[PDB]
Each structure stands twice: as C-alpha cells, then as structure tokens.
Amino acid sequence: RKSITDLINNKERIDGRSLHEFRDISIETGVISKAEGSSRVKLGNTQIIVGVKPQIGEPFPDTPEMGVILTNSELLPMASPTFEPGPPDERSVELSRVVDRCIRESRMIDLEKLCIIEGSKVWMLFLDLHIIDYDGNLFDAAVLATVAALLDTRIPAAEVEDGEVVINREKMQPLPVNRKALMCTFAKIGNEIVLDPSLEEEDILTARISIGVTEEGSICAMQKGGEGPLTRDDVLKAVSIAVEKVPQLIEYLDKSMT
C-alpha cells in the first residue's frame, strides 16, 4: 500500500489512468421489462441497477401540490464481502441520501406536474438503487443510473374523472424533467485529488468529496466523506473539475439513450 501512495504524488494511477479520468462507462436503459423506467450502469466494474416504480398515494400534508420521490438503495451482500445483509446500514443510507439530494435539489423533476388531485392523490416515484457489484465509487455510478432510469421512465396518464382517479395505460407518458444533473466523486490520496476512485484507492484515501453539478454549471449537492480532512484548495479544485466534467458525462449519457 506504501507503493500505491508514492505512485499517486506523481500524476500516475495503478490502472494507467490520468488523475482526472473516469473509468470506462456503460449505460443501458429498459433493462427490467416490468419496471416503468430502469437502467444498468457499469463504471469500471462497479455495477448498479436502478428501477423507477410509480405509485399513487397521498402527498406530504404541507405540500398538497407536490409529487413524491422516494430514494432507497440496497447495498447487496452480492456486491461485496463487506456488505452485511439486513436493513440499510450507515453506508447505504448515506449513498441513498446523497443521490436523493442530487436529484431533488437540481429540481430535475417537476413534482408539481406529478400532482393528480391536490391534497389527496399524487404520483410517488420509488427510485430503487440495486448495487450488484462494488469496485469503487458508488456515488457517481448511482447518480448516473438514477438519472438514466428517470429519463427512461414512462408512466400512465392519470385523469381526474368526476373526482376519482383513472389510470389510462393507453397513453404512456415520460416524466416532466426540467434539467439533468450528475455527480463527480474525488478521493484525496497523498497531496492529490483523484477523480473516480477504484476499490484499491477507496481503501487508502484520506478523504473523499462528491459534487453534484447541474446543466448550467451550478452546484446542487456536495458530500465530504472519509476520516481524514480536506483543505480549502482541495475542495475548490474539486469543484473546478466537476463543473468541467459533468457536461461531458451529460453528453455521454444523452448519446447512450439514442
């Protein structure tokens, strides 16, 4: 491990990667036929499947006009020998909330348009993240897969007839997306921040930072992780690359869906 770190202070990484280079990315949609929207993302060997399952229920009392998003992630014993079974641990919860933050705060989905009947009935989007294989950087893979799944989503038209809800699966509609946003995670190793860390790198990092940037280059989510500190320069440097790299990820996504 001593030789992984001394090798990082020069701008070289174990698999030959540049310091600010993502692994090979692979994006498929419409993977689960039963699911209204779904996606499979592979980032290196890190693999995540996301399904979007729309459902009708009550909105939150204080936002009778808002549709609901519910993000949950399953960090599967399958995906890693360090993944315990049972309900979501710390690590799952964080991943899940960070993804939810990115999707929610970017205002990617117009929840107002998910309202069917104000105060009573609204579309509830269950975003379910299924971690299948873990080989480094769950956040970037997760956000990418959720965004992809969301774009893939088609839902039945919900008409209000005489006051009762009616579901016309005749006319399957896409989601009301205002914009897209994606995430870059960096790892502090030695004196350097490294974009998109491998498992080998995640084992030895001092700290990590995830940054969610929107289409118009604004920051919608941020999350420092790890047991070690970051410097002001580290943080601002990471922002700079995220702003730079997200548009490329968005370009890459849009093309995979055509």
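Quick note: we count residues from 1 along the sequence shown, nothing fancier.
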Seminar exercise, completed: The stretch carrying the higher mean Cα B factor in the deposited entry, 145-153 or 171-179, is 171-179
Problem set entry | Stretch with the greater mean C-alpha B-factor as recorded in the entry, comparing 244-252 against 5-13 | 5-13
For this session: Would you check the entry's CA temperature factor for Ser106 and let me know if it's in the chain's lowest, middle or highest third?
Result: middle
Exercise. Comparing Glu118 with the other modelled residues of its chain, is its CA B-factor in the lowest, middle or highest third?
Worked result: lowest
Exercise. What third of its chain, lowest, middle or highest, does the C-alpha temperature factor of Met66 fall into?
Worked result: highest
Exercise. Is the Cα B-factor recorded for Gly163 in the lowest, middle or highest third of its chain?
Worked result: highest
For this session: Using the B-factors in the PDB entry, rank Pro77's C-alpha atom against the chain and give the third, lowest, middle or highest.
Result: lowest
